[PDB]
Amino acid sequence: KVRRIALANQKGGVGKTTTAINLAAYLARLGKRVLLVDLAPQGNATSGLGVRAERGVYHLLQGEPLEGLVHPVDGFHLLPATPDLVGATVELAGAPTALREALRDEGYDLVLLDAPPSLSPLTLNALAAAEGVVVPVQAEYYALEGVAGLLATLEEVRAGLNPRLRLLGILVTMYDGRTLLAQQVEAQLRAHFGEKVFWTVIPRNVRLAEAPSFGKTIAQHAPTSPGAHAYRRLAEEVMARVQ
C-alpha cells in the first residue's frame, strides 16, 4: 500500500511545492495524520508554511529523532528544510537509501516528500523512500516535453533502487482554460497517458501564489477559491488511488 508520496519533476516551477503543501492540507482535513518533508535546498515548502528552522530533515539523516524535529502546521506536521541541504546534495551522493532508512514515520498515515527540480541525491532519496509518485506537469510546452523522459527515469528507479515505486498519477497544474496551449497540453497528456492523468486539474489562480507569502495553505488563505476546490478534489482522488 502507498504511504509515502513524492512530488517530483526535474522541470522547475511546475507546482511540486504548491501541490505538496495543499495536498497535505486537504489530506489532513480528511482525517489523515500527514507528514510533509521538504527535501529542496530552496526550502520553499518550509518558508511557505511560515517556518524557519535550524534543525530538520538533514538532522534526521544524522540520527536525530523525528518527533523532536517536526513542526505543527495547518493540521499536519512538517519536517523542515534547513541551510544544511545545500551540502547534503553532495554528501548524499552514492547514498540513495539514506532517507528511507531514517524515516521512522510509522506514526503517520501519509507522508509527502517535496523534491527539488533536479535528479540530485536529494530527489533520488525521495524516490528511493517513496511508494508512489505524483508528477505535477504545468500546462505548457516545456513541462509537457519532459514527461516521456521523466517516466522512463522513474522506471529506471523502479528497476533496482526501489522496485515498489509506482506512478500514482500525472497532475496537470497551473492550467488556464482560456488559453489554447493549456487545452492542447492537457489533451496530449490524456491522449498518451490516459488514466495515469488525474481527473482533477489545478487551475491557475493567484490565491495559490499568495498563500505562501502569509505562511498559509490555500485552505487557510482562500478556502473557497478555485485552487482550494481543486486541491480538495485532488486529495479525494489521491486517496482513491492509494486504496
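One rule holds for the numbers: they count along the sequence shown, beginning at 1.
According to the PDB record, 94-102 carries the higher mean C-alpha B-factor of the two stretches 141-149 and 94-102. Note on 115-123 vs 164-172: mean CA B-factor is higher in 164-172. In the deposited coordinates, the residue among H59, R207, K196, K216 with the greatest CA B-factor is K196. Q184: CA B factor in the highest third of modelled residues in this chain (values from the PDB entry). In this PDB entry, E67 carries a Cα temperature factor that places it within the highest third of its chain's modelled residues. In the PDB entry, a CA B factor belonging to the highest third of its chain's modelled residues is recorded for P83. Among all modelled residues in its chain, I5 ranks in the lowest third by Cα B-factor. In the deposited entry, the Cα temperature factor of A191 sits in the top third of values across the chain's modelled residues.
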